[PDB]
Amino acid sequence: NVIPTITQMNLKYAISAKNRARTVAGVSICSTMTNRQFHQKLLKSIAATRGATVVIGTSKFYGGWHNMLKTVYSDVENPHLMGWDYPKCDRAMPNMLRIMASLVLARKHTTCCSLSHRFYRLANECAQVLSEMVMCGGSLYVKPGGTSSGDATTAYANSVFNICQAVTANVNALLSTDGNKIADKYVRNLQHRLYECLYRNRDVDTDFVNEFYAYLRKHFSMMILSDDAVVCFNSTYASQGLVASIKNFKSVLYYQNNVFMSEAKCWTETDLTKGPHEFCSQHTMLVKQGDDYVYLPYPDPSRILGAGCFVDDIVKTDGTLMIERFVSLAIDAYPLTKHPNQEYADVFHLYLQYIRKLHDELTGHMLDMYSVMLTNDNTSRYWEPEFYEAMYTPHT
Amino acid sequence: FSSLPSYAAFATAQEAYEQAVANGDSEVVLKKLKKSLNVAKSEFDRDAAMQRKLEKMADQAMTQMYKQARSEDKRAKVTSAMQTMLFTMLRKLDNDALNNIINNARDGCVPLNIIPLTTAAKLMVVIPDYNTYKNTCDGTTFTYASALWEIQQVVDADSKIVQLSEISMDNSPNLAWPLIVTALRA
Amino acid sequence: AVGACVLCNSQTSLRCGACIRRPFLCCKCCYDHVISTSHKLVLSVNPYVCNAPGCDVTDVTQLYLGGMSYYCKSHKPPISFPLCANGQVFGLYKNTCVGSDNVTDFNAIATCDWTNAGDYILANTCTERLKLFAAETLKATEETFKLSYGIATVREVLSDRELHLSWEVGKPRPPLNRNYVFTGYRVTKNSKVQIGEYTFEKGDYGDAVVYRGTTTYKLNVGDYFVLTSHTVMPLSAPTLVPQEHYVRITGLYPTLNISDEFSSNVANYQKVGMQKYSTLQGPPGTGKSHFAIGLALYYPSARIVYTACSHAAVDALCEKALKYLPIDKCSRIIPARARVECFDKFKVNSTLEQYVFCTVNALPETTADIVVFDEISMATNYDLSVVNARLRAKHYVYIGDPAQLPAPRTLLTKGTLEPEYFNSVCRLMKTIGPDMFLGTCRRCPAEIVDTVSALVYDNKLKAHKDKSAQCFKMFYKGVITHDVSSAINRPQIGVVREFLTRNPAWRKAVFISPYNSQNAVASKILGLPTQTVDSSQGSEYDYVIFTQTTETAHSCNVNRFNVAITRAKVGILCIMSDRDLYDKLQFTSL
Amino acid sequence: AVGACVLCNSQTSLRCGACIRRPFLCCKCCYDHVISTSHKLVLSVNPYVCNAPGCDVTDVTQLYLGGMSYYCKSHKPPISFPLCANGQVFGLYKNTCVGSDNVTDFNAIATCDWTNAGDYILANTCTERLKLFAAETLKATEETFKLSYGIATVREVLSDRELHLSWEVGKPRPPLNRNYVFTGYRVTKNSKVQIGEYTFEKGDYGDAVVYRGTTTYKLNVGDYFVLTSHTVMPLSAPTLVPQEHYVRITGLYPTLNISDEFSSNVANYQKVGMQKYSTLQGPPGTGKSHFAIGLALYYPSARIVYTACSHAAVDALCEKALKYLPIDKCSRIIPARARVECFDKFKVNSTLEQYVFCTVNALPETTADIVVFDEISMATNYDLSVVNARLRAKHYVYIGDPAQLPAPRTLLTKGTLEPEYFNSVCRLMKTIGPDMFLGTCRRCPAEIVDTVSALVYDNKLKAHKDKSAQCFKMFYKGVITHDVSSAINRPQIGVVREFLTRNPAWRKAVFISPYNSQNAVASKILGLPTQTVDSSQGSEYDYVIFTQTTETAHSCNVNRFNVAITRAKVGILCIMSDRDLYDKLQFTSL
RNA sequence: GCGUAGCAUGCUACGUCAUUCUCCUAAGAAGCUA
RNA sequence: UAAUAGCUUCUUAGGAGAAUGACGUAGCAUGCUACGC
Ligand SMILES: Nc1ncnc2c1ncn2[C@@H]1O[C@H](COP(=O)(O)OP(=O)(O)O)[C@@H](O)[C@H]1O
Ligand SMILES: Nc1ncnc2c1ncn2[C@@H]1O[C@H](COP(=O)(O)OP(=O)(O)O)[C@@H](O)[C@H]1O
Ligand SMILES: [Mg+2]
Ligand SMILES: [Mg+2]
Ligand SMILES: [Zn+2]
Ligand SMILES: [Zn+2]
Ligand SMILES: [Zn+2]
Ligand SMILES: [Zn+2]
Ligand SMILES: [Zn+2]
Ligand SMILES: [Zn+2]
């Protein structure tokens, strides 16, 4: 049976760098419960795999960022890093691509579900997520399409959509090349067989699908987190047009997303010793940790200072009540100490000194409210930089 | 612990041991009483720890039982709330118009999006500026959804009543747009 | 679910699962109920069974809980402990539970089977929270008793006013009147469902039924008849709201020109309006059916809810209130299923009217200003608690005569329930006395009315007439045949037909009997219009003949005798078997 | 919240649950209070009840802080520890709580019911924080006494100008006068919601009340009334702001030839300017309430707020200000209901005017340059704290006299309250002396002042008039009708009526009697302006008829009688009861 | 030389307690990211 | 009114395990001594 469902639109009260309002989709419990029961095994299986294309469930601490970046550079020949943007990603996504993502996620049910079971599960997904009734200010509207950001499989379906767009860009790049200009005889035959498997073949050719997958993994290595993507592509092939470039993503998003991807939000990095320019809002820098060089992610110092200065509750302003709030922020702001810019390196020391001042005045206020100090106080380790240095060391 | 007679056995063995030590009993009797006291205390502590486990598992069982029940007296409340909501929504229905449009259906099935559009007795028009107001529902009566509606009320975004003479081209800056007009099907 | 213990009203979350009603029980009270009686199953928020892969232990004295379950001794962990120990059964609110001994009668309430007489007599003198529980479990027992029953069908299409009866062999058959209704089942090939309920009544001769119908849907043989049955909901309101007096009449505002008809009851009208609940017992034929109309005309602007146990009394009251009270502000509330040929003369079934008449079973939850319960002899404690739950009103007035016949009370088979314990209200009326009592009698001759006031009544009755010199009482043997479930006296009709030829008066008489078999056979050989002793009590006649078949404690029941001899007005031939029944009364000898 | 202990002003987080005002108490002081009295409930940020599934233990020595909450003796987590122990009660700021014994007067203040008289003499001679706490709890008890009253209803309405009354059976009936208001209910089904603000007063004939309303709703008979409650706010501000003696006048400016009439009080004006607050005590009618207006004329630029506890006193002050001050810059602030009819000649209810007159209870939060409190005898410590909280000021002036009548103090019924304990200001006046003192009689004739200088004042006053011989003392028995719970003396009113047509110059004398019932009911029989003694204080009239209704301790009160007679201006006739009281004065024969 | 008894030393098993560590779960507070 | 998912910090409680120490009991191995053969 198909259960239609109303999803609320909730305004988001959070810190941001642009003044446009952000809205999330509160989906009904009747949809979330069944979507969990349908997708959660695969979703937990994706989040528990290390070294894959979809980096979900991979921590950035304890050397997780360095491991991710070393798996992206998976023996590519002339590596250049690349990253693109999806403008209006959740609201311009076509319904065909969302249905594609839901059908790709549901390929795991080849033994537990029948054909009709999988169809009615897809229909419930479409009726509750894709084209639903939306409650926006006490009024029911019809959502035209696009993913809602509150379904159970949101980041994972977004990752499927991202991989699909990247593979489409590579297909278009390889097919729109001349073919008489391709010097490599292997890639010319790959283009010929790619056209055959697209427009002259109706049954799946698993041998060529494996061959093209091997080609993409060898020359177009990816790292996907639901709409962020780092690619470590072969620069010579991409200059010859045998592998997708930024312009191929722009073309594909024009004719398949109805958006224009300006090349001002997409970056290219010709030097791998600097890492990705930005992935998951974190910049990357190569530091000498211990005896070896590793990649550490540092945030925008403006972001951490804004999180310290502006809060969403009146009681987060006391400071002594929230010392863990600043311990977490100092954990996030630790890698700034390795930055060559001293004003960036001083943010971590500012947070440590504020933690120490907060503990000093907390103990003063506690000793005033009583006449005895606390017997056990282990807060001294939060203004020592070793507690935060061990946060980015691969021993755990 | 103190309820069980193991404490009594330990206490009487300790009393006998102390009394015989104070009375200067022989070494063999002293060792005998020491061994008896040791085994009595052994039984005492062995039956004790079990009391800790008893009370711990009893409190855990009681908390589990409370959670399983409170959760059964909170289920009936939401069941009653859902029932009352459903039945009030039933009583809101425009039964004659809905019956007409549902008997006109061949299979008895109609799109939901036409249920208000053909049976709702009241229309709310939310209008962001004056040009839109002049276009869609200027005057005391207007046409929408192939029906005739008569303006029964106009309020602003502040939920304050606005008169139809106040919605003008020059009085537009002084109105808290959007305006929500409520009309009834004629 | 948590609740209140029945006999101490402390908070609890246990239940005696072996009982028919599953009442809540506090810890100490539950232990006292399980260690004494044979109920060893206790239901907490989860049932107390052995949660093993294979085992089934229900006893609670032999259950030990361990980890997060309850097992017997063969399936318990290395840890203890007894569920039922230290005088308490392990449940919620372990230290707010106050014990209460009155368990020494809760055992006899919960464990009895109502077969004997004393079960009712001690199910009525107990406290209030046990007065409710005993009534609830009695109704549940009767409902389950009606699940073991005989089943018939219609032999073939026989008449438009009468069907026939084809019963199964080996099972008893019920009594036949408006109280016992019957259901048809349409299991034809093809999907047993219901078409309609018919009530049945014995035919002329042989095997027949002259019936009362529910639905026009006329079946073939394809239906077979069962009894019909239903669930009993739990009751919460007390049987009688506490008696609180008022100084001057509140919320009731007396009238202008009530009538010169019933102006001698004005003191009694105001005594009705004074207290919270009032009690009026009026000997048979003394105006209580007319007193209700008079009360309604003494407080003209008060909405009044009239109620009664059965449709007959409430319909007679409805007819009187049509004949006297204003008519358009009347509202008789009918059942939706309409199990009876209901009363449609008023502006029927509007519960937001002023004079609302209804039956106890069909009362809707509402409010009133003064509610008049009628025939409290018929009503069981369940009806009283129901009328206190559904109806809240400023005044309650219970009218009825305990000397009339009681409720059916089908389960009672051994011993005689004396009038005093018919219900709470009759117990009130016999303990301290009815608050109001009107003693004259406008039907019977002189000697019978003086002697009936001297039979059981405390000598309060009299007649405004002269004795018609046509009441008699004979002692003719009337040999018994009795070769059917009830006793018959045919050759007694032989002796009465040896009379009845020198007495041309009662040639339109109504035959009555203390047995339905003799009543049925009396309508066969001579077409006397019959009306059984139960179907009387609410009507007056001037020609009625009554014979006695046997001699027993069912022959000397003076309630039945008093309800018998007071339906005639000028003439009755009657047959007395016992010298006791020829000598408590004065009549001619013949 | 975190607060300050009442009797030591240490930091604390505990409060006493049983106390009506729930005062903060430090650890040591809370232990001393709970271990000795019957109060055994302590509220921290969380209340100290036991957190079992269901348990109700509040006594603090029974409890422990176990795990993460407060648990009783046999519900505690196995790890303790005791709450109420080690000479303290566990709370926040535990090791900084140091108090003092005053835990012997605080026990008496918290425990006492304010029934005796000694409770007031201990509530006014204690320390400064207890002077505030005792006033707070006294107001709270005076409010919670209204919870024991009986709620009304309407019988019917023959006359729409005179309601019919019906009190609930089984509760006391409140007195009927202007001071008490009511608010209704319509609880039939159907609107348990208020129906307006009404007030009552008795009628002479039968049973009737000639009511008054704020709106014009009628009562369908179910509608009824309940006397309205009043939550009491914390006594936030001190009773008297601490005094500082300036070297020279700060914040105030003198004037150029103030007048030829106020030229005598100049030195006292300068003394007022020098000190933070000043007290003016004088016998009645010596120039006290006119001194304030002279002060206004001496500090013309200074914004001034005049206040008093009564309405008929501030109205007289308003009239005097109209006679003297420029009328353009005045106001008059009236409460929302305005139970009494106030002064409507100024621009009423404009707070931001230069000279603003208001009652204490209706004072709005504002500033001033000097605030003049008047008739401090009428004011309790609640009024002083209210005026000290709402109105900020640079200089305070309290004018009044203790020998006039004090505040009602309805709860006080044993013993008499000396002047020096009326409030803090009167205590200051009697202890060390007034800062300004002026005494003589300029209003009353020679005879009445020459008698009142024998009753109350020990032969102190000379005065100025000639005894016009229109001072009369009557002998009349005056039989008693204790009707409205305040006595009515019908034959004394008859004496007045029979000898008010024999006095052609006495047709406008105000009628004064201690009892509000007779004083109110006299309006029909003689038609004179009527006034009770309590509100007559501060107002003068050209002629007074005083009637001692009944002999009691209320009407034979020398203070009341002295403030009653001295409102006359040329002559006064009074009829007396006490053979002593009529003899202590020297008046004419009759 | 053997048997019984006692003392001392050592090893194993079990029960109880103290400390430290790891993990598994539950509950709560918080931070960041998409 | 406040979504899905991931990671991290901190606190509390419960279980299980490990390690070390302490006591008690039982079993086994050895040395010395008393008695009997
Ligand atoms: N005031 C009266 N005067 C004469 N007869 C009356 C009076 N009131 C009632 N009756 C008669 O008394 C009889 C009472 O019978 P009924 O009305 O059935 O009530 P009940 O059965 O309770 O006595 C009626 O037939 C009526 O005619
Ligand atoms: N300096 C003065 N010269 C003449 N008459 C005065 C003077 N001061 C006051 N009075 C008169 O004395 C009366 C005193 O009134 P008031 O001060 O109100 O007395 P109290 O304050 O006792 O009520 C006023 O009515 C006024 O007429
Ligand atoms: Mg009757
Ligand atoms: Mg004055
Ligand atoms: Zn039972
Ligand atoms: Zn109980
Ligand atoms: Zn078992
Ligand atoms: Zn207290
Ligand atoms: Zn203190
Ligand atoms: Zn407790």
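The first residue you see is number 1, and the count goes up from there.
The deposited model was determined using electron microscopy, 3.5 Å.
Cβ atoms here come from the backbone N, Cα and C positions, even for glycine.
Features reported for this protein in Swiss-Prot:
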ACT_SITE  A:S226  active site
ACT_SITE  A:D227  active site
ACT_SITE  A:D228  active site
DOMAIN    A:79-241  domain 'RdRp catalytic'
REGION    A:12-22  region 'Interaction with RMP Remdesivir'
REGION    A:49-87  region 'RdRp Palm N-ter'
REGION    A:88-146  region 'RdRp Fingers C-ter'
REGION    A:147-282  region 'RdRp Palm C-ter'
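With every protein chain in view, the residue among the active-site residues A:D227, A:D228 whose Cβ has the most Cβ partners within 10 Å turns out to be A:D228. Taking a C-beta cut-off of under 8 Å and a sequence gap of six or more, A:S226 (active site) has these contacts in its own chain: A:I56, A:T154, A:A155, A:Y156, A:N158, A:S159, A:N162. Helix, strand and coil content of the region 'RdRp Fingers C-ter' (A:88-146), in residues and according to DSSP, is 34 helix, 6 strand, 19 coil.
With helix defined as DSSP H, G or I and strand as E or B, the region 'RdRp Palm N-ter' (A:49-87) counts 9 helix, 6 strand, 24 coil. With a threshold of 8 Å between Cβ atoms, none of the active-site residues A:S226, A:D227, A:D228 neighbour chain C. Secondary structure of the region 'RdRp Palm C-ter' (A:147-282), assigned with DSSP and counted as helix (H, G, I), strand (E, B) and coil, comes to 72 helix, 16 strand, 48 coil. Residue counts for the region 'Interaction with RMP Remdesivir' (A:12-22) by DSSP state, with H, G and I taken as helix and E and B as strand, are 0 helix, 0 strand, 11 coil.
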